[PDB]
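Read the structure below first, then the notes.
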Amino acid sequence: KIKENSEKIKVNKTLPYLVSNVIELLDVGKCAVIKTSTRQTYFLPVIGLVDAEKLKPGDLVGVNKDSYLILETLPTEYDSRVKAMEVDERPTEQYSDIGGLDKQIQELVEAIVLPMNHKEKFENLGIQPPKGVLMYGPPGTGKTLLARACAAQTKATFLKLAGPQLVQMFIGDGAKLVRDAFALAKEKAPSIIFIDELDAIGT
Amino acid sequence: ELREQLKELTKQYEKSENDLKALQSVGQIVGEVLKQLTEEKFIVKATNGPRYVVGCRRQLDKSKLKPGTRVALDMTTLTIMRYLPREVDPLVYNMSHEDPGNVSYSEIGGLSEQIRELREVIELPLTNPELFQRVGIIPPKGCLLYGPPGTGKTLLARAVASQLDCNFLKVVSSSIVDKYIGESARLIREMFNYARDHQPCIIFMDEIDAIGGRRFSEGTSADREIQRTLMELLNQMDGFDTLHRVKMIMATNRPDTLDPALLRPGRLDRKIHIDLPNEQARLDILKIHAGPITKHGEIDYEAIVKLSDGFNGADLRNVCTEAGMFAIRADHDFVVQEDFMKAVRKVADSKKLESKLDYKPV
Ligand SMILES: Nc1ncnc2c1ncn2[C@@H]1O[C@H](COP(=O)(O)OP(=O)(O)OP(=O)(O)O)[C@@H](O)[C@H]1O
Ligand SMILES: Nc1ncnc2c1ncn2[C@@H]1O[C@H](COP(=O)(O)OP(=O)(O)OP(=O)(O)O)[C@@H](O)[C@H]1O
Ligand SMILES: [Mg+2]
Ligand SMILES: [Mg+2]
């Protein structure tokens, strides 16, 4: 009766799910204390179709609408604003397109790219790679142009935040935006985060 | 082969039967009991907010569910099914479970007096709580690690978290703020409830001035909400209900902007200044951060320290990193004093873009 058991399970597991959280995982035999996006806290005596030891407080899960039984574990939440500010169609600006900036390029390229590709130099010299590169410049020069060139020539996960995107009403927002942006950059493979017009946020 | 075949099929049979048994179960609405009426009527409020009078299934030991206890009401008849332990928010859970790396006290330099003051406040009262009883005092409860940026406040907090045993709650004060009404104050209440439940506890709030800023007499609605959060925090520390075996640490580099009620001696008892490294502190930090760098010369750490006047610990770490950068740029698999001198002068030039750093409380 594997066939019929799977048939019943699929009938119960048909879409659409309601996405909830696993806020607490109690032991009584393991039970859940999920909170669902309708802002409703439901205690599940039986966790459901997902392994109990794979759920941790706060992770996103799929749940049956009526039985409110966990059916799936879903990826992490990234504001569609923090996903929309990732570079997918890479810019196209070779460093040759940069003008009187050679030392500045060299410095950036070093601090950013080298720890990514040639980390072995850092490891063998016993050094911690430089962390943040701040490009000051008068209203002109090639700050954003060099950022574009880096994003084009880097072949990594580039995340262009810009300054005034992170300033929101609804206290908690903005901080959530920054947290989500850095979490997305962390989960992705080696990644750069470009803060355009930093003084909008860093006053 | 049929033996193993049917054995695996029977294992999958057990799994599928368990899955179906789970599938035949529905969730239950978690609420909290408010009072018992007639041995079969209980006023219970669902977390969603509505309040009802509900029944109780028989084997619940009515004495176990008293006013304030979490219960699982049935989703249809709302009758109580089981009493539950106090909820722990996922936020407070991850707060407790954040990894403070494995920082040791050997990784902190000039901070020796400050380290022992922090340990005086944190460790000894929670390990030998009768010496202070004999002397006739209640040991201090709150610490304010205040100092210029990059002087080692968060590093010291990480070292304490790694090297002490009692429960520890990591939190950046700006990661408590939520846009919902009363949510931030509720989260702070849950923080202190978790701390009281796990009695020997420490609560570290990094960059407290995110929440504990001065209270505005002409602020916006957002400012008023954050001030409600701050006042909930103040009441939790030194309100009506006394705090036992729960210590507070709060790190900041703009202490002048903190609320006087927050800086009050009753709440943040000991304000310790993580000042910029002096000569010996700079020497210690430079040794700490250049120990792993493969130096192949004679290193006048004294000269580096002399040129590092006004630096911070992060500045000295960057001095080491810049010496290494010069090494790679020169295509050398080691570092020398010329590289260190160039790095320290480069960092000194970079320091010209700073502003006032000597900010003090009061
Ligand atoms: N050194 C340079 N070489 C080539 N083009 C340059 C250079 N400096 C500026 N530009 C030109 O400037 C324009 C874009 O400037 P960019 O966005 O880099 O400025 P910025 O430094 O970010 O300044 P801001 O945002 O304050 O105006 C492009 O036309 C780019 O070609
Ligand atoms: N006293 C110190 N000894 C060793 N390293 C230090 C010291 N102070 C700072 N650092 C270095 O600074 C970096 C961490 O600084 P930390 O986060 O502790 O600063 P902070 O004083 O909390 O500043 P902020 O106000 O910017 O949050 C690490 O490189 C750490 O090595
Ligand atoms: Mg620009
Ligand atoms: Mg810090």
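Here the Cβ is made from the backbone with ideal geometry for all residues, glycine too, and neighbour counts use every protein chain on show. Read-outs: derived from the displayed coordinates by stated rules, not from any lab.
The Kirkwood hydrodynamic radius of the stretch B:274-362, based on inverse pair distances between different Cα atoms, is 13.4 Å.
Given in Å, the Rg to one decimal and the Dmax to the nearest whole number for the Cα atoms of the stretch B:209-362 are 21.7, 65. Could you compute the FRET efficiency for B:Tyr52 and A:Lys8, with r as their C-beta to C-beta distance and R0 at 35 Å, rounded to 0.05? With a Förster radius of 35 Å, E is 0.55.
Size estimate for the stretch B:94-246 follows the Kirkwood approach: the inverse of mean 1/r over distinct Cα pairs works out to 16.8 Å.
Can you pull out the trypsin sites (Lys or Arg not before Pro) in the stretch A:73-134 whose DSSP state is coil and whose Cβ has at most 14 other Cβ atoms within 10 Å? Filter output for the stretch A:73-134: A:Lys131. When the alpha carbon gyration tensor of the stretch B:1-100 is reduced to an equivalent ellipsoid, the three semi-axes, largest first, read 37, 22, 12 Å. Once divided by 2.2 N^0.38 Å, the Cα radius of gyration of the stretch B:162-283 becomes 1.12.
Residues B:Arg254, B:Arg58, arranged from fewest to most other Cβ atoms within 10 angstrom of their Cβ, appear as B:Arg58, B:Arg254. Put in line by how crowded their Cβ is, counting other Cβ atoms within 10 Å and starting with the fewest, B:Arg228, B:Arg82 read B:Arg228, B:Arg82. The charge dipole of the stretch A:1-138, taken about its Cα centre with unit charges on the Cβ atoms of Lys, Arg (+1), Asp and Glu (-1) only, comes to about 740 debye. Note on the protein assembly as shown: Rg/Rh from Cα positions, Kirkwood definition for Rh, rounded to two decimals, is 1.02. Using the alpha-carbon positions of the stretch B:101-146, Rg (one decimal) and Dmax (whole number) come out as 12.7, 37 Å. In whole angstrom, note down how far apart the Cα centers of the stretch A:47-114 and the stretch B:266-316 are. The stretch A:47-114 and the stretch B:266-316 have Cα centres spaced 36 Å from each other.
Remark on the stretch B:28-70: hydrodynamic radius 10.4 angstrom, per the Kirkwood mean of 1/r across alpha carbon pairs. Antiparallel beta bridges, as assigned by DSSP with both residues in the protein assembly as shown, represent about 55 percent of the total such bridges.
Rg and Dmax, both from the Cα atoms of the stretch B:236-315 and both in Å, are 19.4, 63. Diffusion of the stretch B:105-195 by Stokes-Einstein, at 20 °C in a medium of 1.002 mPa s and with Rh set to the Kirkwood radius over alpha-carbon pairs, works out to 139 µm²/s. The phi-based Karplus calculation (6.51 cos²θ - 1.76 cosθ + 1.60; θ = phi - 60°) puts the 3J(HN,Hα) values of the stretch A:84-94 at 5, 9, 10, 7, 9, 8, 4, x, 9, 8, 4 Hz, whole numbers, x for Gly and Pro. A simple charge model with +1 on the Cβ of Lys and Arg, -1 on the Cβ of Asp and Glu and nothing else charged puts the dipole of chain B at about 1520 debye relative to its Cα centre.
Projecting the Cα atoms of B:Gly136, B:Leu126, B:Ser104 onto the dipole axis of the stretch B:1-149, where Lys and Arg carry +1 and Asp and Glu carry -1 at the beta carbon, places B:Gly136 farthest toward the positive end.
Name the residues of the stretch B:82-109 whose amide N is less than 13 Å from a point 7 angstrom out from the Cα of B:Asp241 along the C-beta direction? Correct set: B:86-87. Note on the stretch A:18-108: Rg/Rh from C-alpha atoms, Kirkwood Rh, equals 1.38. Which entries of A:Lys143/B:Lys360; A:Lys83/B:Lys15; A:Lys65/B:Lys21 have Cα-Cα distances beyond 27 Å here? Beyond 27 Å: A:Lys143/B:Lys360; A:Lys83/B:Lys15. With Rh defined as the Kirkwood radius, the inverse of the mean 1/r over Cα pairs, the Rg/Rh of the stretch A:95-148 is 1.04. Spin-label pair B:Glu279-B:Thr294: with each label point 7 Å from Cα along the Cα-Cβ axis, the two points sit 3.4 nm from one another.
Computed from Cα atoms, the angle from the helix B:337-350 axis to the main principal axis of chain B rounds to 70 degrees. Counting other Cβ atoms within 10 Å as a rough exposure proxy, the listed residues A:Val11, B:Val121 run A:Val11, B:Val121 from fewest neighbours to most.
Summing charges over neighbours of B:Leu307, with a neighbour being any other residue whose Cβ is under 14 Å away from its Cβ, gives -3 when K and R count +1 and D and E count -1. Charge dipole (Cα centre; +1 on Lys/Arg Cβ, -1 on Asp/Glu Cβ; no other charges) of the protein assembly as shown amounts to roughly 1960 debye. Take every DSSP beta bridge whose two residues both sit in chain B; close to 45 percent of them are antiparallel.
Remark on A:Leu60: its backbone amide H falls under 5 Å from those of A:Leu74, a criterion applied only to residues 5 or more positions apart or on other chains, H modelled at 1.01 Å from N. Dividing the Cα radius of gyration of chain B by 2.2 N^0.38 Å, with N the residue count, gives 1.34.
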